[PDB]
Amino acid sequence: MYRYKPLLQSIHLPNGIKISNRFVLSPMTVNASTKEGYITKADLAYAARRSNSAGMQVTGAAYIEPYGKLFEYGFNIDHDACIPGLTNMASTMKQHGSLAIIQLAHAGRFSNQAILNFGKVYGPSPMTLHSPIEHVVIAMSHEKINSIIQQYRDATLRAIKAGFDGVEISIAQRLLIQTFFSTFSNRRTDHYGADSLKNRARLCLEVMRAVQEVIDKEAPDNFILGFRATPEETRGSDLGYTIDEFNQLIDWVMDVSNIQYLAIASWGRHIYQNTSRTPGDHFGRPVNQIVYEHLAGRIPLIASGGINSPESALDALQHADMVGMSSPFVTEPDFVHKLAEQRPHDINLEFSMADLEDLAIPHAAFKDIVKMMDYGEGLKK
(Lines of atoms letter the chains of each structure in order from A and count residues from 1; the text may use other names and numbers.)
(Lines give C-alpha, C1' and ligand atoms only; values in the text may rest on other atoms or scores of the structure.)
Protein backbone atom coordinates (compact mmCIF):
# COMPACT_ATOMS: atom_id res chain seq x y z
CA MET A 1 0.00 0.00 0.00
CA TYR A 2 1.46 3.28 -1.28
CA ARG A 3 1.92 5.64 1.69
CA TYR A 4 0.47 8.70 -0.07
CA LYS A 5 -2.60 6.92 -1.50
CA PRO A 6 -5.14 8.76 0.74
CA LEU A 7 -4.20 12.08 -0.91
CA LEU A 8 -5.12 10.68 -4.32
CA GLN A 9 -8.57 9.44 -3.32
CA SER A 10 -11.54 11.21 -4.88
CA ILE A 11 -14.02 13.22 -2.85
CA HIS A 12 -17.53 14.50 -3.46
CA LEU A 13 -18.62 17.93 -2.40
CA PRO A 14 -22.04 18.16 -0.65
CA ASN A 15 -23.60 19.10 -4.03
CA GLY A 16 -22.38 15.89 -5.70
CA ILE A 17 -19.46 17.33 -7.69
CA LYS A 18 -16.60 14.85 -7.73
CA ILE A 19 -13.03 16.03 -7.20
CA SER A 20 -10.44 13.53 -8.31
CA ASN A 21 -7.90 14.11 -5.54
CA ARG A 22 -7.51 15.83 -2.16
CA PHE A 23 -5.31 18.74 -3.31
CA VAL A 24 -6.40 22.36 -3.53
CA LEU A 25 -4.31 25.07 -5.16
CA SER A 26 -4.58 27.80 -2.49
CA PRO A 27 -5.15 31.54 -3.06
CA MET A 28 -2.08 33.28 -4.40
CA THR A 29 -1.91 36.86 -5.55
CA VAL A 30 0.56 36.92 -8.40
CA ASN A 31 0.31 40.74 -8.56
CA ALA A 32 0.54 40.79 -12.38
CA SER A 33 -2.82 42.29 -13.36
CA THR A 34 -3.36 45.80 -14.80
CA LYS A 35 -3.66 48.78 -12.41
CA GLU A 36 -7.47 48.47 -12.85
CA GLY A 37 -7.15 44.79 -11.95
CA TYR A 38 -7.84 43.44 -15.42
CA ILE A 39 -6.50 40.00 -16.34
CA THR A 40 -3.22 40.16 -18.29
CA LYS A 41 -1.29 37.79 -20.56
CA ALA A 42 1.07 37.19 -17.60
CA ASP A 43 -1.88 36.29 -15.34
CA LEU A 44 -3.13 33.81 -17.93
CA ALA A 45 0.29 32.22 -18.49
CA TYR A 46 0.74 31.68 -14.74
CA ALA A 47 -2.70 30.07 -14.38
CA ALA A 48 -2.33 27.96 -17.55
CA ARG A 49 0.85 26.38 -16.14
CA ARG A 50 -1.10 25.35 -13.00
CA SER A 51 -4.40 24.27 -14.62
CA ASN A 52 -3.50 20.58 -14.27
CA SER A 53 -1.94 20.88 -10.76
CA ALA A 54 -4.78 20.11 -8.31
CA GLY A 55 -8.35 18.77 -8.03
CA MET A 56 -9.58 22.28 -7.20
CA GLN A 57 -8.09 25.80 -7.51
CA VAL A 58 -8.92 28.98 -5.64
CA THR A 59 -7.72 32.30 -7.13
CA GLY A 60 -5.98 35.05 -5.25
CA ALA A 61 -8.23 37.83 -3.90
CA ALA A 62 -10.54 39.52 -6.41
CA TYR A 63 -11.73 42.82 -4.94
CA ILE A 64 -15.42 43.72 -4.93
CA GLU A 65 -15.14 47.55 -4.69
CA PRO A 66 -12.37 50.20 -4.81
CA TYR A 67 -12.20 50.78 -1.04
CA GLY A 68 -11.66 47.03 -0.46
CA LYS A 69 -8.50 46.67 -2.59
CA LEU A 70 -5.34 45.32 -0.90
CA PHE A 71 -2.80 44.37 -3.57
CA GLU A 72 -1.75 46.95 -6.15
CA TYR A 73 -2.00 44.56 -9.12
CA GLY A 74 -4.41 41.91 -7.85
CA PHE A 75 -7.60 40.80 -9.60
CA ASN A 76 -10.59 43.15 -9.79
CA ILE A 77 -14.22 42.00 -9.95
CA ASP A 78 -15.91 45.32 -9.11
CA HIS A 79 -17.34 46.30 -12.49
CA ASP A 80 -18.58 44.68 -15.69
CA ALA A 81 -15.49 45.67 -17.74
CA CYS A 82 -13.68 43.01 -15.69
CA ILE A 83 -15.80 40.23 -17.18
CA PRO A 84 -13.93 39.69 -20.51
CA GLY A 85 -10.56 39.12 -18.79
CA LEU A 86 -12.05 37.03 -15.99
CA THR A 87 -13.76 34.90 -18.65
CA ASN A 88 -10.35 34.13 -20.19
CA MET A 89 -9.07 33.32 -16.67
CA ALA A 90 -11.85 30.88 -15.82
CA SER A 91 -11.42 29.11 -19.16
CA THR A 92 -7.64 28.86 -18.70
CA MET A 93 -8.02 27.44 -15.22
CA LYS A 94 -10.66 24.85 -16.24
CA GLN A 95 -8.98 23.40 -19.35
CA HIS A 96 -7.88 20.15 -17.70
CA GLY A 97 -11.07 19.74 -15.66
CA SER A 98 -9.69 21.16 -12.43
CA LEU A 99 -12.37 23.13 -10.61
CA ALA A 100 -11.85 26.91 -10.73
CA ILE A 101 -13.10 28.97 -7.77
CA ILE A 102 -12.66 32.77 -7.64
CA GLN A 103 -12.09 34.31 -4.19
CA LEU A 104 -14.19 37.46 -3.55
CA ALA A 105 -12.45 39.86 -1.20
CA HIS A 106 -12.90 43.09 0.71
CA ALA A 107 -9.95 43.93 2.99
CA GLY A 108 -11.76 46.55 5.11
CA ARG A 109 -9.21 48.77 6.89
CA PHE A 110 -6.36 46.58 5.62
CA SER A 111 -7.07 47.61 2.02
CA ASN A 112 -3.56 48.92 1.46
CA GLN A 113 -4.09 50.15 -2.10
CA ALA A 114 -7.28 51.99 -1.08
CA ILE A 115 -5.31 53.69 1.72
CA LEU A 116 -2.79 54.92 -0.86
CA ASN A 117 -5.46 55.87 -3.44
CA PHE A 118 -7.92 57.68 -1.19
CA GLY A 119 -6.34 58.34 2.23
CA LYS A 120 -9.36 56.61 3.74
CA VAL A 121 -10.76 53.12 4.23
CA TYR A 122 -13.78 51.59 5.95
CA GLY A 123 -14.24 49.36 8.93
CA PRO A 124 -16.67 48.73 11.75
CA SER A 125 -15.19 51.41 14.02
CA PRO A 126 -13.38 54.72 13.46
CA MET A 127 -9.60 55.12 13.75
CA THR A 128 -6.90 57.63 12.88
CA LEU A 129 -3.67 55.95 11.81
CA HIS A 130 -0.15 56.87 10.59
CA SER A 131 1.10 53.72 8.79
CA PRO A 132 1.59 53.22 5.85
CA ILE A 133 0.52 56.87 5.42
CA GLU A 134 -1.73 59.24 7.37
CA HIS A 135 -5.26 57.88 6.89
CA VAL A 136 -8.64 57.58 8.55
CA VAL A 137 -10.72 54.46 9.03
CA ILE A 138 -14.37 55.47 8.55
CA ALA A 139 -17.08 53.56 10.45
CA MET A 140 -19.47 51.99 7.94
CA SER A 141 -22.98 53.37 7.92
CA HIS A 142 -25.89 51.03 7.39
CA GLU A 143 -26.14 52.46 3.82
CA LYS A 144 -22.46 51.60 3.24
CA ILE A 145 -22.99 48.10 4.66
CA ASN A 146 -25.95 47.59 2.31
CA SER A 147 -23.84 48.76 -0.62
CA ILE A 148 -21.09 46.25 0.34
CA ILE A 149 -23.67 43.47 0.45
CA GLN A 150 -24.83 44.57 -3.04
CA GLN A 151 -21.21 44.58 -4.20
CA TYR A 152 -20.84 40.97 -3.05
CA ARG A 153 -24.02 40.18 -5.02
CA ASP A 154 -22.63 42.00 -8.08
CA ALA A 155 -19.23 40.30 -7.86
CA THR A 156 -20.84 36.87 -7.51
CA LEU A 157 -22.83 37.50 -10.71
CA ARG A 158 -19.65 38.57 -12.56
CA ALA A 159 -17.88 35.38 -11.46
CA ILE A 160 -20.89 33.37 -12.70
CA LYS A 161 -20.88 35.17 -16.07
CA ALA A 162 -17.12 34.57 -16.42
CA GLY A 163 -17.73 30.81 -16.24
CA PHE A 164 -16.01 29.99 -12.97
CA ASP A 165 -17.09 26.82 -11.18
CA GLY A 166 -17.71 28.74 -7.97
CA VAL A 167 -16.89 31.67 -5.71
CA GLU A 168 -15.20 31.65 -2.33
CA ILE A 169 -16.15 34.23 0.27
CA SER A 170 -13.15 34.79 2.52
CA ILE A 171 -13.73 36.11 6.04
CA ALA A 172 -10.17 35.32 7.19
CA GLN A 173 -7.94 37.56 9.30
CA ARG A 174 -7.68 41.05 7.73
CA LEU A 175 -10.91 40.80 5.75
CA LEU A 176 -13.70 43.32 6.37
CA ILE A 177 -16.14 40.66 7.54
CA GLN A 178 -13.63 39.32 10.10
CA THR A 179 -13.18 42.81 11.53
CA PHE A 180 -16.94 42.90 12.35
CA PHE A 181 -16.81 39.48 14.00
CA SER A 182 -13.85 40.41 16.23
CA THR A 183 -14.36 42.23 19.53
CA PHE A 184 -10.84 43.69 19.15
CA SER A 185 -11.89 45.76 16.09
CA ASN A 186 -15.69 45.98 16.39
CA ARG A 187 -16.60 48.60 19.02
CA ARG A 188 -20.05 49.40 17.51
CA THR A 189 -23.20 49.84 19.56
CA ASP A 190 -25.71 49.21 16.76
CA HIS A 191 -27.17 45.95 15.40
CA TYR A 192 -23.78 45.18 13.77
CA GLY A 193 -22.05 45.74 17.10
CA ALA A 194 -20.12 43.96 19.83
CA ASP A 195 -23.14 43.43 22.18
CA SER A 196 -24.00 39.94 20.98
CA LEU A 197 -22.63 37.16 18.89
CA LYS A 198 -25.58 37.53 16.49
CA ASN A 199 -24.76 41.22 16.03
CA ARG A 200 -21.08 40.45 15.35
CA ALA A 201 -22.08 37.70 12.89
CA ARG A 202 -24.70 39.85 11.18
CA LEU A 203 -22.53 41.22 8.35
CA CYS A 204 -21.15 37.75 7.57
CA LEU A 205 -24.62 36.17 7.55
CA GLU A 206 -26.17 38.93 5.40
CA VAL A 207 -23.35 38.52 2.86
CA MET A 208 -23.60 34.72 2.73
CA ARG A 209 -27.38 34.82 2.35
CA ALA A 210 -27.14 37.48 -0.37
CA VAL A 211 -24.50 35.52 -2.29
CA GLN A 212 -26.53 32.28 -1.98
CA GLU A 213 -29.58 34.09 -3.39
CA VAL A 214 -27.62 35.27 -6.41
CA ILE A 215 -26.31 31.76 -7.03
CA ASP A 216 -29.87 30.32 -6.76
CA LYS A 217 -31.17 32.78 -9.38
CA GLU A 218 -28.21 33.12 -11.74
CA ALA A 219 -25.67 30.29 -11.63
CA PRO A 220 -25.22 27.14 -13.70
CA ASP A 221 -26.06 23.83 -12.02
CA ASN A 222 -23.94 23.05 -8.96
CA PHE A 223 -22.01 26.31 -8.93
CA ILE A 224 -19.85 26.10 -5.78
CA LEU A 225 -20.02 28.44 -2.79
CA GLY A 226 -16.80 28.20 -0.78
CA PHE A 227 -15.92 29.74 2.55
CA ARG A 228 -12.52 30.57 4.07
CA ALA A 229 -11.95 31.65 7.65
CA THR A 230 -9.51 32.00 10.55
CA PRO A 231 -11.00 29.96 13.42
CA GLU A 232 -9.86 32.20 16.28
CA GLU A 233 -8.26 35.56 16.88
CA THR A 234 -5.68 36.10 19.64
CA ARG A 235 -3.47 38.88 20.90
CA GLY A 236 -1.29 37.77 23.81
CA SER A 237 -3.71 36.15 26.27
CA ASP A 238 -6.81 37.93 24.96
CA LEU A 239 -9.14 36.65 22.27
CA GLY A 240 -11.00 38.79 19.72
CA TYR A 241 -13.21 35.77 19.13
CA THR A 242 -13.09 32.23 20.48
CA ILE A 243 -13.10 29.01 18.50
CA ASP A 244 -16.54 28.25 20.00
CA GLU A 245 -17.83 31.55 18.66
CA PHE A 246 -16.35 30.65 15.27
CA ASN A 247 -18.00 27.23 15.41
CA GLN A 248 -21.34 28.91 16.10
CA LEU A 249 -20.71 31.28 13.19
CA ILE A 250 -20.14 28.43 10.75
CA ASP A 251 -23.33 26.70 11.96
CA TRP A 252 -25.22 29.93 11.20
CA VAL A 253 -23.53 30.28 7.77
CA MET A 254 -24.74 26.74 6.94
CA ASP A 255 -28.26 27.77 8.00
CA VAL A 256 -28.36 30.61 5.44
CA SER A 257 -26.17 29.31 2.61
CA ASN A 258 -25.16 26.10 0.90
CA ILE A 259 -21.41 26.30 1.55
CA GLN A 260 -19.50 23.42 -0.03
CA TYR A 261 -16.29 23.54 1.99
CA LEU A 262 -14.47 25.37 4.76
CA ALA A 263 -10.89 26.39 4.06
CA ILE A 264 -8.95 27.18 7.21
CA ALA A 265 -6.53 30.14 7.09
CA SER A 266 -3.72 30.68 9.65
CA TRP A 267 -1.71 33.65 8.36
CA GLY A 268 1.79 33.59 9.77
CA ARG A 269 1.31 30.23 11.52
CA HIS A 270 2.43 26.75 10.46
CA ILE A 271 -0.16 23.99 10.64
CA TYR A 272 1.98 22.00 13.07
CA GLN A 273 2.03 24.88 15.54
CA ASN A 274 -1.50 26.21 15.18
CA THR A 275 -3.12 25.41 18.53
CA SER A 276 -6.15 26.96 20.20
CA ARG A 277 -5.97 29.53 22.99
CA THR A 278 -9.69 29.25 23.82
CA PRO A 279 -9.94 28.40 27.54
CA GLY A 280 -11.37 25.00 28.51
CA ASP A 281 -11.18 21.60 26.78
CA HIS A 282 -10.06 23.24 23.51
CA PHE A 283 -7.05 24.90 25.02
CA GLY A 284 -3.80 23.79 23.38
CA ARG A 285 -5.51 21.41 20.92
CA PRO A 286 -4.88 21.84 17.18
CA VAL A 287 -7.24 24.37 15.63
CA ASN A 288 -7.93 22.01 12.70
CA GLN A 289 -8.88 19.22 15.10
CA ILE A 290 -11.41 21.40 16.93
CA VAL A 291 -12.97 22.64 13.69
CA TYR A 292 -12.96 19.17 12.04
CA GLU A 293 -14.78 17.78 15.10
CA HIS A 294 -17.38 20.50 14.92
CA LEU A 295 -17.98 20.10 11.18
CA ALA A 296 -18.88 16.44 11.87
CA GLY A 297 -18.61 15.58 8.17
CA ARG A 298 -21.21 18.14 7.03
CA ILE A 299 -18.75 19.74 4.61
CA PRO A 300 -15.12 19.03 3.72
CA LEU A 301 -12.38 20.87 5.60
CA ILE A 302 -9.40 22.13 3.60
CA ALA A 303 -6.25 22.34 5.73
CA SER A 304 -3.43 24.82 5.01
CA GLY A 305 -0.47 26.51 6.68
CA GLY A 306 2.91 25.76 5.17
CA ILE A 307 1.99 22.31 3.83
CA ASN A 308 4.84 21.64 1.38
CA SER A 309 5.61 17.94 1.12
CA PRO A 310 4.09 14.48 0.72
CA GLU A 311 4.47 13.96 4.47
CA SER A 312 3.03 17.30 5.59
CA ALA A 313 0.11 16.80 3.15
CA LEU A 314 -0.53 13.31 4.51
CA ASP A 315 -0.34 14.45 8.13
CA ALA A 316 -2.84 17.25 7.46
CA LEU A 317 -5.39 14.60 6.49
CA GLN A 318 -5.49 13.61 10.17
CA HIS A 319 -7.85 16.54 10.81
CA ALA A 320 -9.05 17.48 7.31
CA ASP A 321 -10.50 16.09 4.07
CA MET A 322 -8.42 18.12 1.63
CA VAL A 323 -5.09 19.93 1.68
CA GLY A 324 -4.32 23.35 0.27
CA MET A 325 -0.84 24.47 -0.71
CA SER A 326 0.21 27.97 -1.74
CA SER A 327 3.96 28.50 -2.45
CA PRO A 328 4.71 24.83 -3.32
CA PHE A 329 2.59 25.22 -6.44
CA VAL A 330 4.60 28.29 -7.46
CA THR A 331 7.89 26.39 -7.77
CA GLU A 332 6.53 22.84 -8.13
CA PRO A 333 3.27 23.00 -10.16
CA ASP A 334 3.53 19.26 -10.94
CA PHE A 335 3.70 18.19 -7.25
CA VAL A 336 0.52 16.07 -7.41
CA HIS A 337 1.44 14.28 -10.63
CA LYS A 338 4.78 13.20 -9.09
CA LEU A 339 2.80 11.95 -6.08
CA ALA A 340 0.17 10.14 -8.21
CA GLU A 341 2.91 8.46 -10.25
CA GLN A 342 4.47 7.20 -6.99
CA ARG A 343 7.56 9.40 -7.44
CA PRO A 344 7.45 11.47 -4.22
CA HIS A 345 11.28 11.84 -4.21
CA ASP A 346 11.08 13.88 -7.47
CA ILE A 347 9.22 16.75 -5.83
CA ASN A 348 11.49 19.78 -5.75
CA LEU A 349 10.57 23.19 -4.32
CA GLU A 350 13.82 24.88 -5.38
CA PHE A 351 14.03 27.04 -8.49
CA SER A 352 16.69 29.03 -10.35
CA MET A 353 16.15 32.01 -12.69
CA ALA A 354 16.44 29.44 -15.52
CA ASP A 355 13.06 27.99 -14.48
CA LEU A 356 11.13 31.29 -14.66
CA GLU A 357 9.77 30.72 -18.18
CA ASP A 358 8.71 27.06 -17.71
CA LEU A 359 7.07 28.12 -14.43
CA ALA A 360 5.45 31.14 -16.16
CA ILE A 361 6.35 33.42 -13.26
CA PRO A 362 5.75 37.06 -14.36
CA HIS A 363 8.36 38.67 -12.10
CA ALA A 364 12.02 38.86 -13.11
CA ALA A 365 13.36 39.89 -9.68
CA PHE A 366 14.08 37.03 -7.23
CA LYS A 367 13.12 39.26 -4.25
CA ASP A 368 9.67 39.87 -5.80
CA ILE A 369 9.05 36.14 -6.41
CA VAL A 370 10.02 35.45 -2.77
CA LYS A 371 7.75 38.25 -1.49
CA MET A 372 4.89 36.92 -3.66
CA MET A 373 5.27 33.37 -2.29
CA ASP A 374 5.68 34.39 1.34
CA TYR A 375 2.64 36.68 1.41
CA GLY A 376 -0.02 33.99 0.85
CA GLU A 377 0.54 32.07 4.07
CA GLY A 378 2.82 34.60 5.81
CA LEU A 379 5.62 32.06 6.33
CA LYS A 380 9.31 32.18 5.24
CA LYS A 381 10.29 28.59 4.28
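Start at 1 and count along the sequence shown; that's the residue number.
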The stretch carrying the higher mean Cα B factor in the deposited entry, 107-115 or 180-188, is 107-115
Of 268-276 vs 124-132, the stretch with the larger average CA B-factor in the entry is 124-132
In this crystal structure's PDB entry, the residue among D154, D238, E293, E245 with the greatest CA B factor is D238
From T234, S170, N199, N146, the top C-alpha temperature factor is at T234
The third of the chain into which the C-alpha temperature factor of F164 falls is the lowest
Chain thirds by Cα B factor, record data; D216 belongs to the middle
So, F75's CA B-factor, relative to its chain, sits in which third? The middle
The third of the chain into which the C-alpha temperature factor of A42 falls is the highest
So, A313's CA B-factor, relative to its chain, sits in which third? The lowest
